[PDB]
$ cat work.pdb   # PDB, C-alpha atoms and all ligand atoms
MODEL        1
ATOM      1  CA  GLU A   1     134.360  40.576  54.592
ATOM      2  CA  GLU A   2     131.299  38.543  55.582
ATOM      3  CA  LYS A   3     133.130  35.378  54.481
ATOM      4  CA  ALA A   4     136.222  36.238  56.548
ATOM      5  CA  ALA A   5     134.047  36.712  59.627
ATOM      6  CA  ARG A   6     131.905  33.637  59.112
ATOM      7  CA  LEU A   7     134.833  31.332  58.315
ATOM      8  CA  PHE A   8     136.460  32.457  61.557
ATOM      9  CA  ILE A   9     133.378  31.191  63.447
ATOM     10  CA  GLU A  10     133.107  28.015  61.414
ATOM     11  CA  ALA A  11     136.716  27.318  62.381
ATOM     12  CA  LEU A  12     135.586  27.535  66.024
ATOM     13  CA  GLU A  13     132.406  25.545  65.217
ATOM     14  CA  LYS A  14     134.328  22.778  63.455
ATOM     15  CA  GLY A  15     137.497  22.854  65.591
ATOM     16  CA  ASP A  16     139.550  23.531  62.446
ATOM     17  CA  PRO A  17     142.866  25.424  63.009
ATOM     18  CA  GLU A  18     143.663  25.001  59.350
ATOM     19  CA  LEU A  19     140.578  27.054  58.443
ATOM     20  CA  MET A  20     141.344  29.722  61.033
ATOM     21  CA  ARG A  21     144.878  29.999  59.653
ATOM     22  CA  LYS A  22     143.373  31.089  56.323
ATOM     23  CA  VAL A  23     141.444  34.149  57.551
ATOM     24  CA  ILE A  24     143.720  35.535  60.293
ATOM     25  CA  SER A  25     146.872  37.570  59.801
ATOM     26  CA  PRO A  26     150.015  38.094  61.962
ATOM     27  CA  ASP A  27     148.362  41.325  63.145
ATOM     28  CA  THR A  28     145.128  39.674  64.330
ATOM     29  CA  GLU A  29     144.482  40.349  68.010
ATOM     30  CA  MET A  30     142.091  38.437  70.265
ATOM     31  CA  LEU A  31     140.900  38.859  73.847
ATOM     32  CA  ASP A  32     139.262  35.765  75.388
ATOM     33  CA  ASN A  33     137.478  36.897  78.565
ATOM     34  CA  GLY A  34     140.601  38.900  79.474
ATOM     35  CA  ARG A  35     143.624  36.983  78.077
ATOM     36  CA  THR A  36     145.390  38.124  74.856
ATOM     37  CA  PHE A  37     146.272  36.280  71.626
ATOM     38  CA  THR A  38     148.172  37.611  68.602
ATOM     39  CA  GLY A  39     148.438  36.130  65.116
ATOM     40  CA  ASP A  40     149.052  32.366  65.082
ATOM     41  CA  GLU A  41     148.076  32.024  68.731
ATOM     42  CA  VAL A  42     144.454  32.339  67.570
ATOM     43  CA  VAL A  43     145.011  29.106  65.651
ATOM     44  CA  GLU A  44     146.264  27.402  68.836
ATOM     45  CA  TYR A  45     143.034  28.482  70.501
ATOM     46  CA  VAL A  46     141.166  26.363  67.955
ATOM     47  CA  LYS A  47     143.457  23.396  68.630
ATOM     48  CA  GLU A  48     142.478  23.676  72.300
ATOM     49  CA  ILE A  49     138.779  23.470  71.367
ATOM     50  CA  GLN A  50     139.314  20.402  69.134
ATOM     51  CA  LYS A  51     141.696  18.765  71.614
ATOM     52  CA  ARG A  52     139.036  19.231  74.317
ATOM     53  CA  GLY A  53     135.865  17.969  72.632
ATOM     54  CA  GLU A  54     133.215  20.449  73.802
ATOM     55  CA  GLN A  55     130.989  21.429  70.862
ATOM     56  CA  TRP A  56     130.704  25.064  69.733
ATOM     57  CA  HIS A  57     127.417  25.801  67.953
ATOM     58  CA  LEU A  58     126.980  29.017  65.979
ATOM     59  CA  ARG A  59     123.391  29.971  66.700
ATOM     60  CA  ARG A  60     122.888  33.404  65.199
ATOM     61  CA  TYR A  61     124.609  36.633  64.273
ATOM     62  CA  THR A  62     124.337  40.364  63.614
ATOM     63  CA  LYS A  63     126.447  42.848  61.651
ATOM     64  CA  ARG A  64     126.756  46.369  63.065
ATOM     65  CA  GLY A  65     128.982  48.654  60.993
ATOM     66  CA  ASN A  66     132.179  46.631  60.498
ATOM     67  CA  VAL A  67     131.571  44.635  63.658
ATOM     68  CA  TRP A  68     130.012  41.177  63.691
ATOM     69  CA  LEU A  69     128.468  39.644  66.781
ATOM     70  CA  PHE A  70     128.152  35.866  66.795
ATOM     71  CA  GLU A  71     126.091  34.093  69.419
ATOM     72  CA  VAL A  72     127.516  30.666  70.049
ATOM     73  CA  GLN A  73     126.197  28.021  72.402
ATOM     74  CA  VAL A  74     128.942  25.948  73.987
ATOM     75  CA  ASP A  75     128.000  22.530  75.338
ATOM     76  CA  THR A  76     124.915  25.252  77.877
ATOM     77  CA  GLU A  77     126.890  28.519  78.120
ATOM     78  CA  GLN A  78     126.166  31.574  75.979
ATOM     79  CA  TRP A  79     129.459  32.504  74.322
ATOM     80  CA  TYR A  80     129.712  35.654  72.234
ATOM     81  CA  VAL A  81     132.303  36.250  69.537
ATOM     82  CA  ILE A  82     132.709  39.838  68.382
ATOM     83  CA  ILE A  83     134.732  40.546  65.265
ATOM     84  CA  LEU A  84     136.110  43.658  63.598
ATOM     85  CA  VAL A  85     136.973  43.029  59.958
ATOM     86  CA  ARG A  86     139.036  45.435  57.850
ATOM     87  CA  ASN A  87     140.420  44.825  54.338
ATOM     88  CA  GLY A  88     139.395  41.159  53.960
ATOM     89  CA  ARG A  89     141.107  40.524  57.294
ATOM     90  CA  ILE A  90     140.052  39.957  60.895
ATOM     91  CA  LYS A  91     141.649  42.748  62.908
ATOM     92  CA  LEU A  92     140.134  42.407  66.409
ATOM     93  CA  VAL A  93     138.264  39.565  68.141
ATOM     94  CA  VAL A  94     136.650  39.554  71.575
ATOM     95  CA  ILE A  95     135.288  36.342  73.121
ATOM     96  CA  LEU A  96     132.980  36.545  76.149
ATOM     97  CA  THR A  97     130.897  34.062  78.110
ATOM     98  CA  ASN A  98     127.613  34.625  79.964
ATOM     99  CA  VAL A  99     127.884  38.433  79.974
ATOM    100  CA  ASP A 100     125.075  41.022  79.901
ATOM    101  CA  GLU A 101     123.874  42.605  76.634
ATOM    102  CA  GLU A 102     125.205  45.972  77.892
ATOM    103  CA  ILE A 103     128.757  44.585  77.960
ATOM    104  CA  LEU A 104     128.345  43.248  74.424
ATOM    105  CA  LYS A 105     127.038  46.620  73.192
ATOM    106  CA  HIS A 106     129.831  48.503  74.992
ATOM    107  CA  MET A 107     132.518  46.218  73.530
ATOM    108  CA  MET A 108     131.009  46.494  70.038
ATOM    109  CA  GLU A 109     131.091  50.325  70.283
ATOM    110  CA  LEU A 110     134.774  50.310  71.286
ATOM    111  CA  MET A 111     135.595  47.963  68.397
ATOM    112  CA  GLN A 112     133.698  50.109  65.885
ATOM    113  CA  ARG A 113     136.032  52.950  66.858
ATOM    114  CA  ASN A 114     139.121  50.748  66.306
ATOM    115  CA  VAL A 115     140.203  51.046  69.952
ATOM    116  CA  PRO A 116     143.607  49.410  70.733
ATOM    117  CA  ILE A 117     143.608  45.958  72.373
ATOM    118  CA  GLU A 118     145.036  47.538  75.566
ATOM    119  CA  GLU A 119     141.987  49.784  75.958
ATOM    120  CA  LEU A 120     139.591  46.889  75.186
ATOM    121  CA  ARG A 121     141.227  44.744  77.878
ATOM    122  CA  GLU A 122     141.300  47.520  80.513
ATOM    123  CA  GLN A 123     137.650  48.286  79.746
ATOM    124  CA  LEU A 124     136.662  44.629  80.273
ATOM    125  CA  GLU A 125     138.693  44.426  83.477
ATOM    126  CA  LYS A 126     136.875  47.478  84.904
ATOM    127  CA  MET A 127     133.524  45.922  84.002
ATOM    128  CA  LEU A 128     134.296  42.470  85.363
ATOM    129  CA  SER A 129     135.722  43.858  88.679
TER     130      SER A 129
HETATM  131 CL    CL B 201     150.003  37.341  72.973
HETATM  132 CL    CL B 202     127.195  50.537  77.026
HETATM  133 CL    CL B 203     128.959  51.438  78.227
ENDMDL
END
$ encode --input "work.pdb" --output "C-alpha cells" --more "lines below"
Ligand SMILES: [Cl-]
Ligand SMILES: [Cl-]
Ligand SMILES: [Cl-]
Amino acid sequence: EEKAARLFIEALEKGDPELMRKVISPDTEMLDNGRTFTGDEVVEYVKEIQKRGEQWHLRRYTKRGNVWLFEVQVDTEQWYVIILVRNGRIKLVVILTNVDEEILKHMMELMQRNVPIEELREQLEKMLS
C-alpha cells in the first residue's frame, strides 16, 4: 500500500509513465486542480511532465488513515499530491498547487470517506470560487 503510493510519486518525480502504468488501474481517478483523469490518462499526465522538463521533487509526506499526502516542490511552487489507496491500488488522486492547509485537510477528509470524484470536484470548485 505504501509502495503503491510512493511509486506513484516517484513516477511523477522521475517523469516515468512506465512506472505509473504499474501502480494505477483502469478505475484510477485523478483531479488536477479541477480537471479529471481516468485510468491510462494518468500515465499521459506523466508524459506531459517529462515532455516539459520542469523537475518535480518529492520533499516530504504523511499518511492519514488510507490517505497519503505528498508535498512536492515543482521548479518554486508547492504542489500537493493526495492519494487514497485501497487493495494494493491507487483509487483516488488529487493534485493541488499553492493552496492553504485547510483545503488540503478538507480534501483529505473527503477522500478518507471515499467520496465520489464528482463530489471532490464540486467541493474544490466551491472553494476556489
Ligand atoms: Cl477523463
Ligand atoms: Cl476543513
Ligand atoms: Cl472544510
$ closest_atom_pairs --input "work.pdb" --of "chain A" --to "ligand CL 201 (chain B)" --cutoff "9 Å" --atoms "all atoms listed in the file" --output "Markdown table"
| residue | atom | partner | partner_atom | distance |
| --- | --- | --- | --- | --- |
| A:29 | CA | B:CL201 | CL | 8.0 |
| A:30 | CA | B:CL201 | CL | 8.4 |
| A:35 | CA | B:CL201 | CL | 8.2 |
| A:36 | CA | B:CL201 | CL | 5.0 |
| A:37 | CA | B:CL201 | CL | 4.1 |
| A:38 | CA | B:CL201 | CL | 4.7 |
| A:39 | CA | B:CL201 | CL | 8.1 |
| A:41 | CA | B:CL201 | CL | 7.1 |
$ residues_near_ligand --input "work.pdb" --ligand "ligand CL 203 (chain B)" --cutoff "10 Å" --atoms "all atoms listed in the file" --output "ChimeraX atom specification"
/A:102-110,123,127
$ residues_around --input "work.pdb" --residues "residue 65 in chain A" --least-positions-apart "2" --cutoff "12 Å" --atoms "all atoms listed in the file" --output "ChimeraX atom specification"
/A:1-2,62-63,67-69,83-86,108-114
$ residues_around --input "work.pdb" --residues "residue 121 in chain A" --least-positions-apart "5" --cutoff "9 Å" --atoms "all atoms listed in the file" --output "compact mmCIF listing (two decimals) with C-alpha atoms, in the frame of the given file"
# COMPACT_ATOMS: atom_id res chain seq x y z
CA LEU A 31 140.90 38.86 73.85
CA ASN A 33 137.48 36.90 78.56
CA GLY A 34 140.60 38.90 79.47
CA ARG A 35 143.62 36.98 78.08
CA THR A 36 145.39 38.12 74.86
CA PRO A 116 143.61 49.41 70.73
CA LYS A 126 136.88 47.48 84.90
$ closest_residue --input "work.pdb" --among "A:53, A:11, A:71, A:92" --to "residue 118 in chain A" --atoms "all atoms listed in the file"
A:92
$ closest_residue --input "work.pdb" --among "A:45, A:8, A:129, A:101" --to "ligand CL 202 (chain B)" --atoms "all atoms listed in the file"
A:101
$ atom_distance --input "work.pdb" --atom1 "CA of residue 61 in chain A" --atom2 "CA of residue 119 in chain A"
24.7 Å
$ axis_aligned_box --input "work.pdb" --around "range 36-39 of chain A" --padding-each-side "4 Å" --output "JSON"
{"center_x": 146.9, "center_y": 37.1, "center_z": 70.0, "size_x": 11.0, "size_y": 10.0, "size_z": 17.7}
$ atom_distance --input "work.pdb" --atom1 "CA of residue 74 in chain A" --atom2 "CA of residue 10 in chain A"
13.4 Å
$ closest_residue --input "work.pdb" --among "A:100, A:90, A:59, A:44" --to "ligand CL 202 (chain B)" --atoms "only C-alpha atoms and all ligand atoms"
A:100
$ atom_distance --input "work.pdb" --atom1 "CA of residue 4 in chain A" --atom2 "CA of residue 24 in chain A"
8.4 Å
$ resolve_selection --input "work.pdb" --expression "the PyMOL selection byres (((chain A and resi 98) around 7) and not hetatm)" --output "PyMOL selection string"
chain A and resi 77-79+96-97+99-100
$ resolve_selection --input "work.pdb" --expression "the PyMOL selection byres (((chain A and resi 81) around 6) and not hetatm)" --output "compact mmCIF listing (two decimals) with C-alpha atoms, in the frame of the given file"
# COMPACT_ATOMS: atom_id res chain seq x y z
CA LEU A 69 128.47 39.64 66.78
CA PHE A 70 128.15 35.87 66.80
CA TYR A 80 129.71 35.65 72.23
CA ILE A 82 132.71 39.84 68.38
CA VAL A 94 136.65 39.55 71.58
CA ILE A 95 135.29 36.34 73.12
$ closest_residue --input "work.pdb" --among "A:72, A:7, A:21, A:15" --to "residue 52 in chain A" --atoms "all atoms listed in the file"
A:15
$ build_atoms --input "work.pdb" --residues "range 13-38 of chain A" --atoms "N, CA and C atoms" --output "PDB file, keeping the file's coordinate frame"
ATOM      1  N   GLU A  13     133.469  26.539  65.324  1.00  0.00           N
ATOM      2  CA  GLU A  13     132.406  25.545  65.217  1.00  0.00           C
ATOM      3  C   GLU A  13     132.946  24.141  64.955  1.00  0.00           C
ATOM      4  N   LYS A  14     133.821  24.046  63.950  1.00  0.00           N
ATOM      5  CA  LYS A  14     134.328  22.778  63.455  1.00  0.00           C
ATOM      6  C   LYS A  14     135.600  22.309  64.159  1.00  0.00           C
ATOM      7  N   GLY A  15     136.198  23.163  65.002  1.00  0.00           N
ATOM      8  CA  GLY A  15     137.497  22.854  65.591  1.00  0.00           C
ATOM      9  C   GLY A  15     138.593  22.652  64.541  1.00  0.00           C
ATOM     10  N   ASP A  16     138.733  23.642  63.649  1.00  0.00           N
ATOM     11  CA  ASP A  16     139.550  23.531  62.446  1.00  0.00           C
ATOM     12  C   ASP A  16     140.617  24.623  62.434  1.00  0.00           C
ATOM     13  N   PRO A  17     141.834  24.386  62.985  1.00  0.00           N
ATOM     14  CA  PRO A  17     142.866  25.424  63.009  1.00  0.00           C
ATOM     15  C   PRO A  17     143.309  25.787  61.594  1.00  0.00           C
ATOM     16  N   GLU A  18     143.277  24.790  60.724  1.00  0.00           N
ATOM     17  CA  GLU A  18     143.663  25.001  59.350  1.00  0.00           C
ATOM     18  C   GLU A  18     142.790  26.078  58.707  1.00  0.00           C
ATOM     19  N   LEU A  19     141.478  26.031  58.959  1.00  0.00           N
ATOM     20  CA  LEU A  19     140.578  27.054  58.443  1.00  0.00           C
ATOM     21  C   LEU A  19     140.825  28.437  59.051  1.00  0.00           C
ATOM     22  N   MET A  20     141.032  28.472  60.367  1.00  0.00           N
ATOM     23  CA  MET A  20     141.344  29.722  61.033  1.00  0.00           C
ATOM     24  C   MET A  20     142.587  30.354  60.407  1.00  0.00           C
ATOM     25  N   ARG A  21     143.608  29.522  60.174  1.00  0.00           N
ATOM     26  CA  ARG A  21     144.878  29.999  59.653  1.00  0.00           C
ATOM     27  C   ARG A  21     144.646  30.830  58.392  1.00  0.00           C
ATOM     28  N   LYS A  22     143.658  30.428  57.585  1.00  0.00           N
ATOM     29  CA  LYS A  22     143.373  31.089  56.323  1.00  0.00           C
ATOM     30  C   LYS A  22     142.870  32.528  56.431  1.00  0.00           C
ATOM     31  N   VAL A  23     142.119  32.862  57.494  1.00  0.00           N
ATOM     32  CA  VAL A  23     141.444  34.149  57.551  1.00  0.00           C
ATOM     33  C   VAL A  23     142.056  35.128  58.559  1.00  0.00           C
ATOM     34  N   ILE A  24     143.013  34.659  59.367  1.00  0.00           N
ATOM     35  CA  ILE A  24     143.720  35.535  60.293  1.00  0.00           C
ATOM     36  C   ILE A  24     144.986  36.050  59.630  1.00  0.00           C
ATOM     37  N   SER A  25     145.608  37.037  60.270  1.00  0.00           N
ATOM     38  CA  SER A  25     146.872  37.570  59.801  1.00  0.00           C
ATOM     39  C   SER A  25     147.787  37.694  61.012  1.00  0.00           C
ATOM     40  N   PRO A  26     149.102  37.964  60.825  1.00  0.00           N
ATOM     41  CA  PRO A  26     150.015  38.094  61.962  1.00  0.00           C
ATOM     42  C   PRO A  26     149.606  39.228  62.896  1.00  0.00           C
ATOM     43  N   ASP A  27     148.882  40.220  62.355  1.00  0.00           N
ATOM     44  CA  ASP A  27     148.362  41.325  63.145  1.00  0.00           C
ATOM     45  C   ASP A  27     147.049  41.081  63.883  1.00  0.00           C
ATOM     46  N   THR A  28     146.400  39.928  63.674  1.00  0.00           N
ATOM     47  CA  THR A  28     145.128  39.674  64.330  1.00  0.00           C
ATOM     48  C   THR A  28     145.322  39.677  65.844  1.00  0.00           C
ATOM     49  N   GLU A  29     144.432  40.360  66.557  1.00  0.00           N
ATOM     50  CA  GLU A  29     144.482  40.349  68.010  1.00  0.00           C
ATOM     51  C   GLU A  29     143.165  39.865  68.599  1.00  0.00           C
ATOM     52  N   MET A  30     143.263  39.018  69.634  1.00  0.00           N
ATOM     53  CA  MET A  30     142.091  38.437  70.265  1.00  0.00           C
ATOM     54  C   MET A  30     142.206  38.491  71.790  1.00  0.00           C
ATOM     55  N   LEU A  31     141.084  38.871  72.409  1.00  0.00           N
ATOM     56  CA  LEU A  31     140.900  38.859  73.847  1.00  0.00           C
ATOM     57  C   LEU A  31     139.819  37.824  74.160  1.00  0.00           C
ATOM     58  N   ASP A  32     140.193  36.781  74.916  1.00  0.00           N
ATOM     59  CA  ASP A  32     139.262  35.765  75.388  1.00  0.00           C
ATOM     60  C   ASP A  32     139.042  35.977  76.882  1.00  0.00           C
ATOM     61  N   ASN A  33     137.849  36.501  77.216  1.00  0.00           N
ATOM     62  CA  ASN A  33     137.478  36.897  78.565  1.00  0.00           C
ATOM     63  C   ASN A  33     138.683  37.396  79.365  1.00  0.00           C
ATOM     64  N   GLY A  34     139.513  38.254  78.752  1.00  0.00           N
ATOM     65  CA  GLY A  34     140.601  38.900  79.474  1.00  0.00           C
ATOM     66  C   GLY A  34     142.031  38.621  79.006  1.00  0.00           C
ATOM     67  N   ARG A  35     142.308  37.381  78.568  1.00  0.00           N
ATOM     68  CA  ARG A  35     143.624  36.983  78.077  1.00  0.00           C
ATOM     69  C   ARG A  35     143.829  37.302  76.591  1.00  0.00           C
ATOM     70  N   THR A  36     145.075  37.619  76.186  1.00  0.00           N
ATOM     71  CA  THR A  36     145.390  38.124  74.856  1.00  0.00           C
ATOM     72  C   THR A  36     146.098  37.134  73.940  1.00  0.00           C
ATOM     73  N   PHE A  37     145.724  37.152  72.651  1.00  0.00           N
ATOM     74  CA  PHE A  37     146.272  36.280  71.626  1.00  0.00           C
ATOM     75  C   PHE A  37     146.585  37.112  70.382  1.00  0.00           C
ATOM     76  N   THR A  38     147.753  36.878  69.783  1.00  0.00           N
ATOM     77  CA  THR A  38     148.172  37.611  68.602  1.00  0.00           C
ATOM     78  C   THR A  38     148.528  36.628  67.502  1.00  0.00           C
TER      79      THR A  38
END
